[PDB]
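Asks: Going by PDB author numbering, the first residue of the sequence shown is number 400, and it counts up by one from there. Sharing a structure below in structure tokens format, with a few things to ask.
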Amino acid sequence: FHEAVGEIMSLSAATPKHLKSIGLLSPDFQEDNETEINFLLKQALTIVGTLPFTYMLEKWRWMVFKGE
Ligand SMILES: [Zn+2]
């Protein structure tokens with residue numbers, strides 16, 4: 400829960416909608432469907448990248464500690 404609450408803020412803070420309202424991103428900047436794809440893939444390579452590895456490592460550790 401702690402890390403989830405810490406990460407939800409970072410997820411929203413990185414949106415171009417907030418950036419163009421905070422002044423760092425110029426208002427005359429329209430996000431394209433390709434930049435959205437690039438950002439989503441960059442996020443995915445971390446989020447969905449770390450999931451199967453985490454599950455497999457935990458399954459292996461649980462099966463080792465259980466003696467199977
Ligand atoms: Zn933290």
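Just so it is clear, CB atoms sit at the ideal spot from N, CA and C, and this is done for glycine as well.
Can you name the start and end residues of the alpha helix (DSSP H) that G405 belongs to?
Replies: Residues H401 to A412.
Asks: So what does DSSP say about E467, is it helix, strand or coil?
Replies: If DSSP states are grouped into helix, strand and coil, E467 belongs with coil.
Asks: Going straight from the alpha carbon of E457 to that of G422, what length do you get?
Replies: Each residue's Cα considered, the two are about 43 angstroms apart.
Asks: According to the Cβ coordinates, are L418 and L424 closer than 7 angstroms?
Replies: Cβ distance < 7 angstroms, so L418 and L424 count as in contact.
Asks: Report the rounded CA-to-CA distance for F428 versus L444, giving the unit in angstroms.
Replies: Near 26 angstroms, if we compare the C-alpha coordinates of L444 and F428.
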